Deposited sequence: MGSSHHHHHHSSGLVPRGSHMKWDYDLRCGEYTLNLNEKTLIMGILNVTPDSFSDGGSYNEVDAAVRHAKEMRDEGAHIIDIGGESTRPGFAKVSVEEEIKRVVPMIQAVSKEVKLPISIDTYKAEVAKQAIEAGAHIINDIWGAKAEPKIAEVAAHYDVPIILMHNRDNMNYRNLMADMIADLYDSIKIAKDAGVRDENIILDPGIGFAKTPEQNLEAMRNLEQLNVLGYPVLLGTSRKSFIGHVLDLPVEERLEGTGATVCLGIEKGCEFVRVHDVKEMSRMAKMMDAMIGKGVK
């Protein structure tokens, strides 16, 4: 039982009711504009709407600098305006983070857990938004995957907390498919429960990734069942959100898991 709720300004997310579903917003960028043009933003809104209907709880948006903003800001403007859901912003850059939250984004999603740009934690602290700290590194000289993962994630927490970030605005993420061989990803999957000793909600993103292809020997568009299995173990191992492409399918697996495990 989490003794608090995830506060997202306008929106609130309860962590005891269900596994929360983060939908990956896919942005096929107009090869012709810098950003903001009708086709890409319309497609993003449309797609945000579909995922809202498929049972999504968060819309994840993003995926240099000067024009990271120009691409991402108009999408957040349009989506928050048109879809009643918390939007997480997918960046490791401090300036982008500010602009996006200023544009209407509610959560930070940092694939570098404040190590790329430590300044981001201050933006997170300033606007008081929840920040997702994901495990990542430039190397895989793991002495001991899980011990190092937990050590690394903790170094992220230090940076966040030292910048003013409240414990209740911290979410952790094992960072599957990042700085981890196919076997290390499996090992992380198998030991997810260990991240719980840190005392923070955990998000898992395994949607359609390489290690699934590695196991099943199947291309990206053929990874739904593989993804499902990772989401189920993830829920069984105690994670609070899952970051997925297939919102309809994963929502139903999430919900069935929830019922069975008693969430």
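>> Ranges lacking C-alpha coordinates, please, mapped onto the deposited sequence and listed in sequence order.
In response: Unmodelled stretches: 1-21, 85-94, 295-297.
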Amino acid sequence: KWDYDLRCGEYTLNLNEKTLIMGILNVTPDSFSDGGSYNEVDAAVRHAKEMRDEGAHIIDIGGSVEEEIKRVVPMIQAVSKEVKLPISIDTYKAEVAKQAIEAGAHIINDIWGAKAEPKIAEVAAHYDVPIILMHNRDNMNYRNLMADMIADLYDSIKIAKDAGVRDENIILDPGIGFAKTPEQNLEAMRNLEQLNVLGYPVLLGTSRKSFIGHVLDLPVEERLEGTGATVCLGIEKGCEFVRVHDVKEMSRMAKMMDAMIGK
From here on, numbers count along this sequence of modelled residues.
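Take the two forms, find the largest set of C-alpha atoms that superpose within 1.5 Å, and that set is the rigid core.
> With the rigid core as the fit anchor, does 194-202 or 64-72 show bigger C-alpha shifts in 8 other deposited structures of this protein?
Replying inline: It is 64-72 that deviates more in 8 other deposited structures of this protein.
> How about residue 37: is it missing from at least a third of the other entries compared?
Replying inline: In none of the comparable entries (those modelling both sides of it) is residue 37 left without coordinates.
> Is residue 27 missing in a third or more of the other PDB entries that were compared?
Replying inline: Comparison shows residue 27 dropped in at least a third of the other entries.
>> Which is higher on mean Cα B factor in this entry, 216-224 or 22-30?
In response: The deposited B-factors put 22-30 ahead on the C-alpha mean.
>> If you average the CA temperature factors as listed in the entry, which stretch comes out higher, 34-42 or 201-209?
In response: Taking the mean B-factor of the alpha carbons in each, 34-42 is higher.
> What third of its chain's C-alpha B-factors does residue 93 belong to: lowest, middle or highest?
Replying inline: Residue 93: CA B-factor falls in the highest third of its chain.
>> For the chain shown, is the CA B-factor of residue 191 in the lowest, middle or highest third of its modelled residues?
In response: Its C-alpha B-factor belongs to the lowest third of this chain's values.
> Comparing residue 236 with the other modelled residues of its chain, is its CA B-factor in the lowest, middle or highest third?
Replying inline: Its C-alpha B-factor, which the entry lists for residue 236, ranks in the middle third among residues of this chain.
>> Could you place residue 53 in the lowest, middle or highest third of its chain by Cα temperature factor, using the values in the record?
In response: Ranked within chain, residue 53 CA B lands in the middle tercile.
> Within this chain, which third does the Cα B-factor at residue 8 fall in: lowest, middle or highest?
Replying inline: Highest third - that is where residue 8 ends up once the chain's C-alpha B-factors are sorted.
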